[PDB]
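# Just the starting chains for now, same placement as in the complex:
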Amino acid sequence: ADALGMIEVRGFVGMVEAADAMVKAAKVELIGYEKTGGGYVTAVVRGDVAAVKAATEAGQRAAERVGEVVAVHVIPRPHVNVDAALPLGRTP
Amino acid sequence: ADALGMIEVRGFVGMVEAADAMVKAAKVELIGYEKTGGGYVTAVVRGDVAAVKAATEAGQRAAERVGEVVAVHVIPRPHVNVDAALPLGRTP
């Protein structure tokens, strides 16, 4: 339902620091984490777009101090097929 | 609730040596290890902030000699959403 926020880190430690700084930065919900193999892990927060837009830019600032950040992006409103097909916390 | 400490090593041997040095340095609880694939393994210890802050800095010293330490980070108070979403030893 709400907006999407992601921090992908090559490393579990940087992903946990990013997922801590996002949920301490603004009102989001850490729905989980995705393991794509090869050492890449993606932390996925989900809340309204100002909160995730502050949270992911705090988590990118906190995760580049400890590890390798691959990609940071915020979707303000993902399509219903994206929430229905990809595991992003709002599968009905 | 409890402070968090992590050692990520690209390699099982360096992670086991780090996990030995952490529990020998102070009174921490090695809850386990996360396997994100691709050669990376993350030993996770958990306790109050002085014990994990001594244990991780001893395990980094004892694990750079035997391995390739990727990331070391200490969280003194992880948020409750992080402990509920991530497998860090105290999932309710």
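Here it is on my side, so go on. Numbering: from 1, shown residues only, chains lettered A, B, ... in the order given.
# who touches the host helix or strand of residue A:58?
Using DSSP states H and E, residue A:58 sits in helix A:49-63. With contacts defined as C-beta atoms under 8 Å, 6 or more residues apart in numbering or on different chains, helix A:49-63 is touched by A:2-7, A:9, A:14-15, A:17-28, A:43, A:45-47, A:69, A:72-74, A:76-77. For the C-beta atoms, the positions are set from N, CA and C on the backbone; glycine is no exception.
# Just the residues you listed: which are in strands?
For the contacts of helix A:49-63, membership in strands holds for A:3-7, A:9, A:43, A:45-47, A:69, A:72-74, with DSSP state E as the criterion.
# got a list of what the closest residue to residue A:70 other than its chain neighbours touches?
Computed as C-beta to C-beta, 6 or more residues apart in numbering or on different chains, the closest residue to residue A:70 that is not its neighbour in sequence is residue A:8, at 4.3 Å. Residue A:8 makes contacts with A:15, A:40, A:41, A:42, A:43, A:69, A:70, A:71, A:72, as judged by C-beta under 8 Å, 6+ apart.
# Apply the buried test to those residues and list what passes.
A:15, A:40, A:41, A:42, A:43, A:69, A:72 (16 or more other C-beta atoms under 10 Å in any protein chain shown).
# Enumerate the beta-bridge partners assigned to the last one.
Residue A:72 has these beta-bridge partners by DSSP bridges: residue A:7.
# Surely it and residue A:6 touch.
Yes - taking contacts as C-beta atoms under 8 Å, residue A:72 lies within contact range of residue A:6: 6.9 Å.
# count of neighbours near the closest residue to residue A:24 other than its chain neighbours?
In space, and not counting its chain neighbours, residue A:24 is closest to residue B:79: 5.5 Å by C-beta to C-beta, 6+ apart. Using other C-beta atoms under 10 Å in any protein chain shown, residue B:79 has 16 neighbouring residues.
# List the contacts of residue B:79.
Per C-beta under 8 Å, 6+ apart, neighbours of residue B:79: A:20, A:23, A:24.
# isn't the second one right up against residue B:78?
No - in this structure, residue A:23 sits apart from residue B:78 without contact. The criterion is C-beta under 8 Å, and the distance is 9.1 Å.
# list the residues that contact both of these two?
Joint contacts of residue A:23 and residue B:78 (C-beta under 8 Å, 6+ apart) do not exist.
# what's around residue A:61, how many residues?
Per other C-beta under 10 Å, the neighbour tally for residue A:61 reads 14.
# typed the wrong thing, it's residue A:13
Other residues within reach of residue A:13, judged by other C-beta under 10 Å, total 28.
# same thing with the one 5 residues further on?
Residues within reach of residue A:18, counting by other C-beta under 10 Å, total 33.
# Another chain to add, chain C:
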Amino acid sequence: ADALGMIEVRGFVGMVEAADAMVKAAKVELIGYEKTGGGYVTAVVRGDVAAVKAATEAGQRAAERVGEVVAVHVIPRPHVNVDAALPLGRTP
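Placing chain C onto the earlier chains gives this:
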């Protein structure tokens, strides 16, 4: 819970101008005002992070014209100890 926003002014008139400009600028909730003595009064609004982030940046612009602004800050998530210990509006 809700995001926090504050305008501290050395003077009641500048605080009233800032408290008017905040609740006219965006959809926030003016809960009251804190009197720390010595002329300092702090208007406290409380709502979601985009509304308080717009309301404080308009109330600072309106309160510098009429008085003396001491400190402006927005907290997107105040901790539950802060809401339980400080009179900020959402004390249970």
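# Please reconsider the contacts of helix A:49-63 now that chain C is part of the model.
A:2-7, A:9, A:14-15, A:17-28, A:43, A:45-47, A:69, A:72-74, A:76-77, C:48-50, C:53, C:76.
# got the residues of chain A near chain B?
Residues of chain A lying near chain B by C-beta under 8 Å from any C-beta of the partner chain: A:11-14, A:16-17, A:19-20, A:23-24, A:29-33, A:35, A:37-41, A:66-67.
# Show me just the buried residues among the residues you listed.
By 16+ other C-beta under 10 Å, these give A:11-14, A:16-17, A:19-20, A:23-24, A:29-33, A:39-41, A:66-67 as buried.
# which among those residues are in contact with chain C?
Answer for these near chain C (C-beta under 8 Å from any C-beta): residue A:24.
# Just the buried ones among the residues of chain A next to chain B: which are in helices?
Counting by DSSP state H, those place A:12, A:13, A:14, A:16, A:17, A:19, A:20, A:23, A:24 in helices.
# So the fourth one sits against residue B:75, correct?
Yes - distance between residue A:16 and residue B:75: 7.4 Å, which falls inside the contact criterion (C-beta under 8 Å).
# what's the overlap in contacts for the two?
In contact with both residue A:16 and residue B:75: residue B:4, using C-beta under 8 Å, 6+ apart.
# circling back to that earlier point, closest one of the ones in helices among the buried ones among the residues of chain A next to chain B to chain C?
residue A:24 (6.8 Å; C-beta to the nearest C-beta).
# So the closest one is in contact with residue C:77, correct?
Yes - the criterion here is C-beta under 8 Å, and residue A:24 meets it with residue C:77 at 6.8 Å.
# which residues are common contacts for the two?
In contact with both residue A:24 and residue C:77: no residue, using C-beta under 8 Å, 6+ apart.
# Report the contact partners of residue A:20.
A:62, B:75, B:78, B:79, B:82.
# Could you rerun that using 10 Å?
A:30, A:43, A:59, A:62-63, B:4, B:73, B:75, B:77-79, B:81-83, B:86 (C-beta atoms under 10 Å, 6 or more residues apart in numbering or on different chains).
# what's the answer for residue A:26, then?
With C-beta under 10 Å, 6+ apart, residue A:26 has these contacts: A:5, A:45, A:47-48, A:50-58, C:3, C:48-49, C:75-77.
# how does it look with 7 Å?
By C-beta atoms under 7 Å, 6 or more residues apart in numbering or on different chains, the contact set of residue A:26 is A:51, A:54, A:55, C:49, C:76, C:77.
# ok, it to residue C:66 distance?
From residue A:26 across to residue C:66, the span is 31 Å (C-beta to C-beta, to the nearest Å).
# do the same with residue A:72
41 Å.
# and if you look at residue A:19?
Residue A:19 sits 44 Å away from residue C:66, taking C-beta to C-beta as the criterion.
# same question, residue A:25
The spacing between residue A:25 and residue C:66, counted by C-beta to C-beta, is 33 Å.
# can you slot in chain D too:
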Amino acid sequence: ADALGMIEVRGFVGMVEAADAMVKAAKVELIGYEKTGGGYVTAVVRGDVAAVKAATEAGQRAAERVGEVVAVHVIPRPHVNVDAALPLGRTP
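Alright, chain D goes in next:
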């Protein structure tokens, strides 16, 4: 509701002279006064916009003789949250 007018004086005597000249110069209603500590007192008059716009500029002229005027400001439409939160004499 009704328009707002304020004279903040560092001194009780200048505030009383301002509060006398405001209610003599036009048809306003001195609802009270606010003590913010440190020597600052704010006389608050409240009436329609022409009467308060004449009354505050008469009270500023009469209060600079005996006291120290800090701030003079007229809010022609105070918002309903301001009247429901700040003590301005028309709280329902």
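# and the contacts of helix A:49-63, now that chain D is part of it?
A:3, A:5, A:7, A:9, A:14, A:17-18, A:21-22, A:25-28, A:45, A:69, A:72, A:74, A:76, C:49-50, C:76.
# Please check those residues and keep the buried ones.
A:3, A:5, A:7, A:9, A:14, A:17-18, A:21-22, A:25-28, A:45, A:69, A:72, A:74, C:49-50, C:76.
# okay, the angle between the helix holding residue A:58 and strand B:69-75?
120 degrees (axes from the mean of the first three to the mean of the last three C-alpha atoms, to 10 degrees).
# buried stuff in helix A:49-63?
A:49-60, A:62-63.
# between those, which is closest to chain C?
residue A:50 (3.8 Å).
# For that closest one, give its distance to residue B:25.
43 Å.
# again, but for residue A:70
With distances taken as C-beta to C-beta, residue A:70 is found 32 Å from residue B:25.
# Repeat that for residue A:72.
When C-beta to C-beta is applied, the distance between residue A:72 and residue B:25 equals 34 Å.
# go on, residue A:23?
29 Å.
# Next: residue A:61.
From residue A:61 to residue B:25 the distance is 30 Å (C-beta to C-beta).
# same deal with residue A:65?
Residue A:65 is 23 Å from residue B:25, by C-beta to C-beta.
# And residue A:11, by the same measure?
Separation of residue A:11 from residue B:25 (C-beta to C-beta): 23 Å.
# Also residue A:15?
Going from residue A:15 to residue B:25 by C-beta to C-beta gives 25 Å.
# Then residue A:40?
For residue A:40, the distance to residue B:25 - C-beta to C-beta - is 30 Å.
# how close does residue A:2 sit to residue C:67?
Residue A:2 is 38 Å from residue C:67, where distance means C-beta to C-beta.
# Over to residue A:19?
With C-beta to C-beta as the criterion, residue A:19 and residue C:67 are 42 Å apart.
# again, but for residue A:84
53 Å.
# Ok, residue A:75 next?
Between residue A:75 and residue C:67 the computed distance is 42 Å (C-beta to C-beta).
# again with residue A:72
Counting by C-beta to C-beta, the gap between residue A:72 and residue C:67 amounts to 40 Å.
# Check residue A:38 too.
In terms of C-beta to C-beta, residue A:38 sits 58 Å off from residue C:67.
# in chain A, what residue is nearest chain D?
For chain A, C-beta to the nearest C-beta, closest residue to chain D: residue A:50, 21.3 Å.
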